[PDB]
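Asker: Quick one: this structure, given as structure tokens, is what I'll be asking you about.
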Amino acid sequence: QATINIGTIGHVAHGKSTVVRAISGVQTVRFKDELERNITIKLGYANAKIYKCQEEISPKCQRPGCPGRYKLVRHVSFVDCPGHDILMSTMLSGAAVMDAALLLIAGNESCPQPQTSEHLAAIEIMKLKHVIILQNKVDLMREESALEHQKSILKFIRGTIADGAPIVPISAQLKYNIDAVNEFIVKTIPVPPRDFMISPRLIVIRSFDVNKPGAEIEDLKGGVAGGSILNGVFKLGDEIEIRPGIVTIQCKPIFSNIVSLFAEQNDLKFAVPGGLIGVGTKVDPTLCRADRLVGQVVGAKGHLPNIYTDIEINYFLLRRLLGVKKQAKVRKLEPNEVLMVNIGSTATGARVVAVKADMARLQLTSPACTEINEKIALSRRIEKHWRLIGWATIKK
Amino acid sequence: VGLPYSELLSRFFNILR
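First to last, the protein sequences are chains U and V. Residue numbering for the first sequence is 98 to 152, 169 to 361, 368 to 444, 449 to 519, as defined by UniProt numbering. Each residue of the second sequence is one higher than the one before, counting from 127 in UniProt numbering.
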């Protein structure tokens, strides 16, 4: 199945979807009539092939001269998030689901673009320094201007946790120069190991009913959860608890036996981790209605994640903020103020109980589940929409 | 490195419509 969760990052109206299309052919759709013209809310999904010519996009070597057929390397799946500074929660969720990143910078649009920088920062925070950098709108720029842009980018990427991350000049519309990108996908991104015995944990980003308009109820379908595994091969025929729960104010975890564990385009026996998977469960498709299973944790039955509202956070912050042009000073965190705490996939609205030296105690208005220590990206409301302040770990 | 990139860029420039 899908071997490595590779994410796509860039500015809004630059062409992440376009890039995906160029790579795979699989469309992110762009939907709900708002997003048909403009920008997606959900993650965009695509399945790209790597079968190398060693003597590729398709498993045949008729194209690159030598008739010695395309030698199977990998199959990779995309994690394409919204690159808008309003919808950052989704991006954050994607980030602690990904194994590696793909940057997208346009030629004619500037080098210190705010959103892109923010994305980069997020990636750095959430252990995602494996970034393949792509020059995108180069089918517009001069023989000198492009070079200048590249130089500027290089200059920028000197103090960042990205040091010598590779840059490729592609056209997402004209279909050129993606060979290099493909090569890098095997070269610069090795897949981090993901075993059998590391306790099975599924991180849900999407809720899906496949209940088509027109059918009869004597021919029914269950609930499908679109979520990623980063530990534990889920096999067909297992019982599950989804632990952030269902709301009564108290919450109670949801129990579902596996109908299917579906990856690629064809349903499989297994779901080997480091991939984003559509899990058919006996759970109602009415709870998989639109975007209900977003930021929920799934464990195999006989397991104890903990649903915390009162949290011990170890926090770290910036000197100067991101999301804006206008990079504003980080004023100190203020008590009993609504922050957004992004933990793996959750985007919970939290109130500050205490501020110490490097630790903070937080109240959650919506309960999140901590199994391990859990990776956090933090966010705040200063300029209406949510800006990225810093990062944390749950000290548990 | 931005010089195994330079070659790529050159190639791209060569094969534009």
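Virtual Cβ for every residue (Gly too), placed ideally from N, Cα, C.
Mapping DSSP to helix, strand and coil, what is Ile-138(U)?
Answerer: The count along the first sequence starts at 1 and reaches residue 138(U) at position 41. Here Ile-138(U) sits in coil by DSSP.
Asker: Sorted by chain position, which residues of the same chain lie with C-beta nearer than 7 angstroms to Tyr-148(U)'s C-beta, five sequence neighbours on each side aside?
Answerer: One-based indexing of the first sequence puts residue 148(U) at position 51. Once the five neighbours on either side are set aside, the close Cβ partners of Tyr-148(U) are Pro-172, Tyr-183, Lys-184, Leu-185 and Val-186.
Asker: By the 10 Å Cβ neighbour count, where 16 or more other Cβ atoms means buried, how is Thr-488(U) classified, buried or exposed?
Answerer: Counting from one through the first sequence, the residue named residue 488(U) turns up at place 365. Classification of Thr-488(U): exposed, given that the 10 Å Cβ count is below 16.
Asker: Got a sec: is the Cβ-Cβ distance from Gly-272(U) to anything in chain V below 8 angstroms?
Answerer: Here residue 272(U) refers to the residue found at position 159 of the first sequence. Taking Cβ atoms only, chain V never reaches closer than 8 angstroms to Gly-272(U), which makes this a no.
Asker: Which residues mark the beginning and the end of the alpha helix (DSSP H) in which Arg-118(U) is found?
Answerer: Residue mapping note: residue 118(U) aligns to position 21 of the first sequence, counting from 1. Unbroken alpha helix (DSSP H) run through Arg-118(U): 113–120.
Asker: Specify the secondary structure class of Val-453(U) as computed by DSSP and reduced to three states.
Answerer: Residue numbering aside, residue 453(U) sits at position 330 when the first sequence is read from its first letter. DSSP places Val-453(U) in coil when its eight states are reduced to three.
Asker: Thinking C-beta only, is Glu-133(U) closer than 8 angstroms to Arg-314(U)?
Answerer: For this step, residue 314(U) is matched to residue 201 along the first sequence. For this step, residue 133(U) is matched to residue 36 along the first sequence. No, these two residues do not count as a Cβ contact at 8 angstroms.
Asker: Out of curiosity, what's the CA-to-CA distance linking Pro-306(U) and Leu-333(U)?
Answerer: Translated into positions along the first sequence, residue 306(U) becomes position 193. Translated into positions along the first sequence, residue 333(U) becomes position 220. Distance between the alpha carbons of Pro-306(U) and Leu-333(U): 39 angstroms.
Asker: Assuming contact is defined by CB atoms lying nearer than 8 angstroms, are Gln-151(U) and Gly-196(U) in contact in what I supplied?
Answerer: Position 54 of the first sequence, counted from the start, is the residue given in the question as residue 151(U). Position 83 of the first sequence, counted from the start, is the residue given in the question as residue 196(U). No, the Cβ-Cβ distance between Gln-151(U) and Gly-196(U) is not below 8 angstroms.
Asker: Report all residues from its chain with a CB closer than 8 angstroms to the CB of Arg-439(U); omit the five preceding and five following residues, and keep chain order.
Answerer: Numbered from 1 along the first sequence, position 320 holds the residue referred to as residue 439(U). Hits under 8 angstroms: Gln-450, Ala-451, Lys-452 and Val-453.
Asker: Report yes if the CB atom of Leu-387(U) is closer than 8 angstroms to the CB atom of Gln-98(U), and no otherwise.
Answerer: Locating residue 387(U) in the first sequence gives position 268, counting from the first residue. Locating residue 98(U) in the first sequence gives position 1, counting from the first residue. Yes, they are a contact pair.
Asker: For the candidate residues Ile-298(U), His-108(U) and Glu-457(U), whose alpha-carbon lies nearest to that of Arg-504(U)?
Answerer: For the purposes of this step, residue 504(U) is taken as residue 381 along the first sequence, with counting starting at 1. Here the closest residue by C-alpha is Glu-457(U).
Asker: Quick one: using the 10 Å Cβ neighbour count with 16 as the cut-off for buried, is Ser-312(U) buried or exposed?
Answerer: On the first sequence, residue 312(U) is found 199 positions in, with the first residue counted as 1. Counting Cβ neighbours within 10 Å, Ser-312(U) comes out exposed, since fewer than 16 surround it.
Asker: With a threshold of 8 angstroms, are at least 3 pairs of Cβ atoms found where one atom belongs to the region 473–489 of chain U and the other to the region 420–439 of chain U?
Answerer: Because the criterion of three Cβ pairs below 8 angstroms is met, the region 473–489 of chain U and the region 420–439 of chain U touch.
Asker: Looking at chain V, is there any beta carbon in it that lies within less than 8 angstroms of the beta carbon of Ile-170(U)?
Answerer: Translated into positions along the first sequence, residue 170(U) becomes position 57. False, the Cβ-Cβ gap to chain V never drops below 8 angstroms.
Asker: Check distances from the C-beta atoms of the region 265–289 of chain U to those of chain V and list, in chain order, the residues that come in under 9 angstroms.
Answerer: Taking 9 angstroms as the Cβ-Cβ cut-off against chain V, the residues of the region 265–289 of chain U that qualify are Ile-266, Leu-267, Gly-277, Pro-279, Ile-280, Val-281, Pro-282, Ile-283, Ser-284, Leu-287 and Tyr-289.
Asker: Taking the alpha carbon of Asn-425(U) as the point to measure from, which residue in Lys-371(U), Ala-382(U) and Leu-380(U) has its own alpha carbon closest?
Answerer: Counting from 1 along the first sequence, the entry for residue 425(U) is found at position 306. Comparing Cα-Cα distances from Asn-425(U) to each of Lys-371(U), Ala-382(U) and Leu-380(U), the minimum goes to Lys-371(U).
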